[PDB]
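Chemist: Can you read through this structure? Questions will come right after.
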Ligand SMILES: NC(=O)c1ccc[n+]([C@@H]2O[C@H](COP(=O)([O-])OP(=O)(O)OC[C@H]3O[C@@H](n4cnc5c(N)ncnc54)[C@H](O)[C@@H]3O)[C@@H](O)[C@H]2O)c1
Ligand SMILES: NC(=O)c1ccc[n+]([C@@H]2O[C@H](COP(=O)([O-])OP(=O)(O)OC[C@H]3O[C@@H](n4cnc5c(N)ncnc54)[C@H](O)[C@@H]3O)[C@@H](O)[C@H]2O)c1
Ligand SMILES: NC(=O)c1ccc[n+]([C@@H]2O[C@H](COP(=O)([O-])OP(=O)(O)OC[C@H]3O[C@@H](n4cnc5c(N)ncnc54)[C@H](O)[C@@H]3O)[C@@H](O)[C@H]2O)c1
Ligand SMILES: NC(=O)c1ccc[n+]([C@@H]2O[C@H](COP(=O)([O-])OP(=O)(O)OC[C@H]3O[C@@H](n4cnc5c(N)ncnc54)[C@H](O)[C@@H]3O)[C@@H](O)[C@H]2O)c1
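This is how it looks when you write it as structure tokens:
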């Protein structure tokens, strides 16, 4: 609602987001197919109420300190570190993102790559292009009947497991946590067991200390001879050098790598990797999530999070903020962001008590140094307007707002 | 089961065939991982009873006539034009093959190929291997929800369709013979409709003057712009120079070709084609049938056809012989190939009648000008052997054999 | 987890509930395989904190008022009318139940019942047990290809339909609320269409003045002659005298009834009905929900709802209480039931403010005239206990409790 | 074809058979909804060419000796001993039947019965009718998750296994021969293993010496406590007395028996069995195959066998005759039934040889004392007529005919 509230979408955000916003009434949108030049980024953001960015723009302290009307930040991507999170929190600005927004894509990528990798297609094709005809049946196999090994049975591991069974494979998995096997997937106790019996292994694990170079010389040496390895999760999980030695020594028949340890910051930067020596290797520029339909639902999701926040104070899934949401029912909803310390809430509640106003529902969640609270009151437009002015005066206040 | 019934196997027939011959008590096996030149082929095939060959060996009337102990020919492939059928039938030598022995392989290939072509993976991998990062995710799409146009709803079309459906795609087919759609397939009335409607077009039609250059420059046009073309049928179906123009003009996003008009005689031959210049085009050396599983099955199929003929004159799936098979029950089995003229059978039966030998079963099937008959008689080895001799001396007798 | 927090369980609640209470450190359990009469119920429920009851125990205001230590009520069934909801809410006592805990059971029952009814098995078994052989196979039919008319496409309808589809039947449904058909289900516009079209008619609609005597003598008529009727919903939906006329007139081939208008108070009571005379009618004692698996799950569900409230005041699925739940993180949790009048919350918060006690989280949800709030405070047992005392002395305080 | 050829359908043969016949041109049909009185049976059969019966009429020697124009006998049922098989063979009359003609029915019966048996429905219903209300959950279970045990994995065992998996069960099986498990059925090595782990056991074994009282005291005592046994195969496989003791001692929760050791010869005869004392037992009058759709395809099948025989000499599946069939192609087909002895065939072939006629194809199969042979000749209507007259004169001839 309100044609007065400005939204600044940047970096070629999907059209579906612009439609969502507009359906909500938010029609003051400033679009930009690319990242803005620092000088105009500030010129655009200062008067902006909401900023929708991707991953190229870096919203740092003095940039955030440049936007005086900023209410919320929407990250149209999973990555969320191109922004001063706590500098935003400190100003009462929640950051939203789209985490599990592109799983079908990553799974479609892996199924496809394993089919052809198992067929020697990347090499035969590399050669065909170079003028050599290399027709061999020698070590080509059908996917049907093979055992897939998933490490990290989360959002993607599941999908891949489902699709794979359609192609006639036997999926097994390994997770640090016990999971509920979908379809006929079979959880394996020790990694070694997995590694020992899997024809093609795929990693769908998160980035953190325990997964750092998870797959190294030892683990790879455990994989049955002639197996394939597909890494489309995080570029820090596989020991590349160790991976080159197995490839070089024919321990592995081939592999697919979509994420590397250090990736070029732009398409204008040169890619470089030992993996370039191998024809039996599919090197991809960190895509897999990069599909038109993914961008499509990423847009819908995060424009949605921004809308809900705008309309009813919901901070669920917020990256740098305490999480609250309240089942809307009844007129008059206000919100308060403040310093987490004694007596703030009491003074907040007093305003209504002393006005004989009834509080219908109230939710308060607190972080380290800040507290957020959504309040519902059985009152009229005027009384609401009143209490608001008062709310703002409570020592500790950072932000207060009347949602409806 | 015989110690001196020589088996000549060339062109590296799968180990499972070798294995099954021995199981049938057939030991004398002269194996050859590769092809054998005419001069050498002759010395080998001379005292050979059976020969298993593939797409490269050429059994010309000359060679067939040089084969003295040649009883049956076995083609471990779906193609059979490499041997002079007529020059073989005339000598009472039937030829067997593996009719539809590798459909799942071509099906798996195309599924995997389209998935990656839709995603721009062939071109990305090309540049990445040349130190080029290319994250242009604009043209990347997901298979789910797309339309697969299958031209030729045959053994492979119906298979490709089923898998395509599992990935969430929509299948439409155009066939010359109105057929029963399996799954949610929809038969299209015209090529124009399908071409103008499909996202991915795959050909699976037979080779013949009707399909020669089917996909001409006009058909390529009728295709939805930005679409993909995949051809894993026969090299004569697509007009390649037209194909190349379409690619350079961007009317098509990519393609995957496995069968070419002119193909290399062997792997040591130079492969040349204009398609080599396009990175967004998957070129493969007529594989897609070349799969261990398919080879194993072909090996198991054709060898079994050889035994069954050797042990009990069954010529069921023969492509040049009359098809006869008789239930194996009772002692003494003989067979007789001969010219299809009146009187030969009466004179054959008479041999036993005047000897007061009771005939238990008899099956005679006749070719255009040939006749094949197999008889079960209630007698013993002596009468049998003696009766064999007589049969060989009948007007128009091409062959006679004591199966047991 | 407490040694003297008495749990009163009656009417034979499944062993899995007993098992889960103990797991939650709850030992004091007074179990009863059967029901307890009012006089005896009172002596037991007096010093009891929690009570788990089923369809037979009647918690009337009188009993509720006799319950002194009663903190929460748990209905191990889908029905909840056996307890005075209002007399419970007024005392800050919420009631839980198992909303949709046995749909697969009713689904399995009807599948099995129709299969046999279609085949004349109920009548045949009747006569056979009376020394009568009855091979009249004329009216026997196969389920495959038949039409199943589902009146009430709800939780059970959608389940019954899925199974029906697996047997090869055709499903059609008539609902009051236009809904999304799962599987190949077809929504019918009118009852007349469905009734006149279906082979087997099954009811799965809720009880209310709208469904009372739905299947009147007229509807029974609109049914295809020779059809079958199956009712495993509620006893008021079908006009039984009409039903009986239809059966005797042969307009209907058979029926299966599980729920009756008037049902026996207990198993020692006489069951009477006109349907008893028909052999082609399957009569069952309101079973179809009575399945070990369903009982196990209900036992596991409701007990868990009791723990969660006991250990952390969550009242999520309560049917009489405001629904509040707060993420369990941090020390000191209290809760407070009270009248929904202005000022009570401010006075509650003040207690901590003036004490310089920092409130970490707070959720207040309000009922029509009641209010429930649960608070997390950063203090210790002393302040907590001392703070509890104060809260109990607030104007309109119904209850207060120190959860941890 | 030929309105001159008479068909006598008896015992209420399905209308679908009458349609089939008529579509073939055979329009001379004498129908009878019931078994004929011996006197008129002979009056009807004497001039009849084909007889279609079920299982009530007994075609004995003097009855067969009464039909002078009888060509073939069609048994519209699986049972085939109400006919003098070898007395028919001796006269050159083949007998056909419909063996695997009613499997879906038997499977639908078993699924249905096991669902309800597992629920205690047969008893609860038996009681409901007698006026007692016995609502218990005590030992009622859902089919979902249970293990089914099939003994005899043939035509029915397979179907049942498939349907059962749809209901969510785990099917295991035991066969005297190694079979190929459909879906996810699991073959078990020893009966004991099966018996030990199966909740409900179903027998789909054939009648013969090794299956006589197959399931006795020992086998039953091996079944896990509280299991169910369903026998819908042959009444000689289960030791009834032993079955009564397990039921009586609660070793088994219930059972379903459709076939007994001695069954009443007509519905007017009293059924008597110890199994009548148990409510937890479903007694059925040997139905399961007795469904309208079964009768429907039985009719289509056997009227089809009679037609093919009539039209082209095919005796495949013939019960009392040597089996022959010849791929029709080319005009002029004749047939010959004779004494199996030397020189008959030679003399048969001479007729054509001496007339300069070419024999296109010939199939001869022989039994103990008789031989059947189908012949194809490249000749004209007249020459055919000629040879026929001659064929009839060959000593040993029993029957000869010109098919077309
Ligand atoms: N290549 C791409 O463009 C791309 C796109 C999207 C996501 N991803 C990556 O895929 C990975 C998985 O993504 P998701 O969304 O399915 O995440 P997820 O968090 O849902 O699942 C991760 C799984 O890993 C399991 N786990 C954690 N550590 C493990 C270990 N040490 N050993 C075994 N199991 C382990 C977890 O228990 C969990 O089930 C993430 O790293 C994500 O960044 C890559
Ligand atoms: N690339 C490989 O290694 C490889 C392997 C196996 C088979 N093949 C090819 O696969 C092709 C199809 O094989 P299959 O066994 O599925 O074929 P098939 O012979 O079973 O069916 C082919 C279908 O094409 C249809 N058709 C014929 N002419 C057509 C036309 N002009 N337009 C549209 N439809 C037409 C036919 O009606 C038939 O339904 C074969 O012709 C062969 O070229 C190639
Ligand atoms: N026999 C048993 O032991 C037993 C066990 C469980 C539930 N029940 C019964 O099952 C019934 C259905 O249960 P459920 O959970 O599937 O129901 P539900 O409440 O999930 O859905 C019932 C459906 O009936 C539809 N409807 C309402 N009035 C209708 C009308 N007048 N005409 C047509 N459709 C109408 C509603 O729109 C709804 O879709 C319950 O009402 C209850 O009576 C009985
Ligand atoms: N109740 C009815 O009205 C009715 C109707 C039709 C058929 N039947 C009966 O069902 C039975 C099976 O019928 P089908 O048509 O599936 O037959 P089938 O012959 O196809 O299968 C029988 C199976 O039993 C297996 N087998 C044989 N002896 C066995 C043993 N000793 N132990 C383990 N396995 C054994 C066989 O190998 C075979 O797979 C037959 O007796 C048939 O008469 C009953």
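Protein chains in written order, with PDB author numbering: chain B, 7 to 410; chain A, 7 to 410; chain A', 7 to 410; chain B', 7 to 410. A prime marks a further copy of an entry chain. Even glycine gets a Cβ: it sits at the ideal position worked out from N, Cα and C.
Please state whether the Cβ-Cβ distance between residue 108/B and residue 81/B is less than 8 Å.
Modeler: For residue 108/B and residue 81/B, no; Cβs fall outside 8 Å.
Chemist: What does a CB cutoff of less than 6 Å around residue 241/B pick up in its chain, not counting 5 residues either side in sequence?
Modeler: The answer, listed in chain order, is 265, 266, 267.
Chemist: Ends of the alpha helix (DSSP H) at residue 353/A'?
Modeler: Segment 350 to 359, the alpha helix (DSSP H) holding residue 353/A'.
Chemist: Tell me the start and end of each unbroken beta strand (DSSP E) in the segment 214 to 268 of chain B that is at least 3 residues and wholly inside, in chain order.
Modeler: Entirely contained in the segment 214 to 268 of chain B, the beta strand (DSSP E) runs reaching 3 residues are, in chain order, 233 to 237, 258 to 263.
Chemist: Starting from the beta carbon of residue 282/B, find every residue of chain A whose beta carbon is closer than 9 Å, and list them in chain order.
Modeler: 134, 135, 136, 137, listed in chain order.
Chemist: Can a CB atom of chain A be found closer than 8 Å to the CB of residue 147/B?
Modeler: Closer than 8 Å: yes.
Chemist: Does the CB of residue 403/B have a neighbour CB from chain A' at under 8 Å?
Modeler: By this cut-off, residue 403/B is not an interface position.
Chemist: Can you find a CB in chain B' that lies within less than 8 Å of the CB of residue 11/A'?
Modeler: Taking Cβ atoms only, chain B' never reaches closer than 8 Å to residue 11/A', which makes this a no.
Chemist: Tell me whether residue 178/A' counts as near ligand 3, meaning its Cβ is closer than 7 Å to at least one heavy atom of that ligand.
Modeler: Checking the Cβ of residue 178/A' against ligand 3 gives no.
Chemist: Please name the residue or residues paired with residue 276/A' in a DSSP beta bridge.
Modeler: The partner list for residue 276/A' (beta bridge, DSSP) reads 138/B'.
Chemist: Among 364/B, 341/B, 379/B, which has the Cα closest to the Cα of residue 395/B?
Modeler: The shortest Cα separation from residue 395/B among 364/B, 341/B, 379/B belongs to 341/B.
Chemist: When the cut-off is 8 Å and only beta carbons count, does residue 16/A lie next to chain B?
Modeler: For residue 16/A, the answer is no, since every Cβ of chain B falls outside 8 Å of its Cβ.
Chemist: Check the Cβ of residue 392/B against every Cβ in chain A' and list those closer than 8 Å, keeping chain order.
Modeler: Under the 8 Å cutoff, chain A' gives no residues; its nearest Cβ is about 15 Å from residue 392/B.
Chemist: Say yes only if the C-beta of residue 239/B is nearer than 7 Å to one or more non-hydrogen atoms of ligand 1, and no if none qualify.
Modeler: For ligand 1, at least one heavy atom lies less than 7 Å from the Cβ of residue 239/B.
Chemist: Quick one: is residue 277/A near chain B, going by C-beta distance under 8 Å?
Modeler: Yes, because at least one Cβ of chain B sits closer than 8 Å to the Cβ of residue 277/A.
Chemist: What three-state label does DSSP hand residue 411/A' in the structure shown?
Modeler: Residue 411/A' cannot be examined here, being either before or after the span of chain A' that is shown, 7 to 410.
Chemist: Skipping 5 residues on each side, what residues in its chain have a beta carbon closer than 6 Å to that of residue 338/A'?
Modeler: Cβ neighbours of residue 338/A' beyond the five flanking positions: 383, 385, 390.
Chemist: Please decide whether residue 298/B counts as near chain A, where near means a Cβ-Cβ distance under 8 Å.
Modeler: Yes, residue 298/B lies at the interface with chain A (some Cβ there is under 8 Å from its Cβ).
Chemist: Spatial neighbours of residue 243/B within its chain, please: C-beta separation below 8 Å, excluding the five flanking residues on both sides.
Modeler: Once the five neighbours on either side are set aside, the close Cβ partners of residue 243/B are 209, 211, 213, 217, 218, 219, 220, 221, 237.
Chemist: Is residue 268/A' near ligand 3, with its Cβ less than 7 Å from a heavy atom?
Modeler: Incorrect: residue 268/A' has no Cβ contact closer than 7 Å to ligand 3.
Chemist: For chain A', find out if any of its Cβ atoms is closer than 8 Å to the Cβ of residue 423/B'; answer yes or no.
Modeler: Outside the modelled stretch of chain B', which goes from 7 to 410, sits residue 423/B', for which no answer is possible.
Chemist: What residues from the segment 368 to 381 of chain B' come within 7 Å of chain A, judged by C-beta to C-beta, listed N to C?
Modeler: So the close ones are 368, 369, 370, 371, 372.
Chemist: Buried or exposed, going by whether 16 or more other CB atoms sit within 10 Å of the CB of residue 20/B?
Modeler: Buried, since its Cβ has 16 or more Cβ neighbours within 10 Å.
Chemist: Under the three-state reduction of DSSP, which class applies to residue 376/B: helix, strand or coil?
Modeler: Residue 376/B falls in the strand class under three-state DSSP.
Chemist: On the DSSP letters alone, give me the boundaries of the beta strand (DSSP E) that residue 153/B sits inside.
Modeler: Its beta strand (DSSP E) spans residues 153 to 157.
Chemist: For ligand 4, any of its heavy atoms closer than 7 Å to the Cβ of residue 308/B'?
Modeler: Not under cutoff, so the answer is no.
Chemist: Report yes if the C-beta distance between residue 324/B' and residue 101/B' is below 8 Å; otherwise report no.
Modeler: Yes, the Cβ-Cβ distance between residue 324/B' and residue 101/B' is below 8 Å.
Chemist: Would you mind reading off the limits of the alpha helix (DSSP H) that contains residue 397/A?
Modeler: First-last of the alpha helix (DSSP H) with residue 397/A: 387 to 398.
Chemist: Return the first residue and the last residue of the beta strand (DSSP E) that residue 149/A is part of.
Modeler: Counting along the chain, residue 149/A falls outside any beta strand (DSSP E), and DSSP gives it neither H nor E.
Chemist: Under 8 Å, Cβ to Cβ, is there at least one residue of chain A near residue 141/B?
Modeler: For residue 141/B, the answer is yes, since a Cβ of chain A falls inside 8 Å of its Cβ.
Chemist: Contact between the segment 272 to 292 of chain A and the segment 308 to 318 of chain A is defined here as three or more beta-carbon pairs at a separation below 8 Å; is this criterion met?
Modeler: Counting Cβ pairs under 8 Å, fewer than three are found: no touch.
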